[PDB]
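Two forms, one protein chain; structure tokens for each follow separately as structure 1 and structure 2.
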Structure 1
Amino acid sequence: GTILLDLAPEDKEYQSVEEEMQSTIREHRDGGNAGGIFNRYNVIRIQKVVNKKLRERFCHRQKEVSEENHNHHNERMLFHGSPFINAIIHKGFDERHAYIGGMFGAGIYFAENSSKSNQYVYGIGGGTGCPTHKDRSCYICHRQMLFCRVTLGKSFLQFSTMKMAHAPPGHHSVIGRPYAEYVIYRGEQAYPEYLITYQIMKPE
């Protein structure tokens, strides 16, 4: 099944993941309501998700996609926040949890900004925050997010709300602009490469 492999802080791979996370923090339109108020994270663990079965499913789909995107699977590293991170790392992403709704339909959504994914760690709009304090801006409780390999193939650009069930004909993903939201409609188009444990930090 799934094995979690810790990365050591001295490892350039750990450093690369933390740098992508810290450097993509931005101020959000909701004034910090969903994800909290912070300028940086305290990254306290980075694990690689190792699952031969899940990896085989992802590579098999990459091969299907490359054939339709002129030998390119167009992979991007993107963040994903979710209260269901335990199911994802054990069973993989699953589009069946995505229903006709959402700004860009029944897909799984990813962000270039780690702070955007941090808004979804405790639910839509941050839910009711952490389980212990019910605080969307909790500095105590440890959070987790994923940094994923996402097979985008041929992306379709969308600039208004729609409720698509699948990507348009001949396409494999939707890049939606309400900052871009990257949407796939098959769970096997994302691999949960890194599981990051972190806190948001109080501003100084």
Structure 2
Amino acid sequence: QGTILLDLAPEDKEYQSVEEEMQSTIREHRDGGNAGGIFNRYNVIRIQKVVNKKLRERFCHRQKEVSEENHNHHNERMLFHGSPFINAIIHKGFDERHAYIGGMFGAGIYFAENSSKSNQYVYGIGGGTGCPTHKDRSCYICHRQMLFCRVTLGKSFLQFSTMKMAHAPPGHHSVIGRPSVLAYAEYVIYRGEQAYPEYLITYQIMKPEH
């Protein structure tokens, strides 16, 4: 009736597959490292497969509705997600009702194909105040969490700013905010059921060597 978290052994292609997309999609942001910390690597501590019967039905049902509406193409993609509510999401699923609505963002649940971008949001908008214990946005101690999810994009509406809206334009099912002078892409959905929390990644950002 709940979520069963299955551990993937590091020696499995799947575990290697997930950590590679994580580690390789890192980049350097204009932030100066202020939001997500200064690092050029992650120490991956754990990768778990999230299993919830209900969650994948809700997810599959919505995915059929979108295919219906998209000339039978649901346009699913594997994207990263970061926010301070990861533990609620793996048990209750994604929820559009907890979704901000203004400031720089709006009405949606954001996803990124860059893991370093989803990391900026682990502790909050901009990094919040950092970790609960040392109020440091660049902690190398505390274990952070992020999700590598299945996201049904459907017909995506492409534009430059997202803070904008609260639902998707007519005929579309997602919004891709793209780069101007943003830096990287951001995928937004306005329905929780259009995304399934496939993998739970437990990790730390590593401190640069020398």
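Only the largest set of C-alpha atoms that superpose within 1.5 Å between the two forms is called the rigid core. Shifts are known only where both forms have a C-alpha. Residues are numbered by position in structure 1's sequence, first residue being 1.
Aligning the rigid core between the two structures and inspecting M162, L157, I44, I140, the C-alpha positions shift by 2 Å or more at one residue, which is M162. Here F104 counts as shifted, since its C-alpha moves by at least 2 Å between the two structures after the core is aligned. On a core-based overlay, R57 has a Cα shift of 0.2 Å between the two structures.
Taking the core as the fixed frame between the two structures, we note the C-alpha of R29 moving 1.1 angstrom.
Comparing the conformations between the two structures, with the rigid core held fixed, yields the displaced runs 102-105, 160-163, each spanning 3+ consecutive residues whose C-alpha shift is 2 Å or more.
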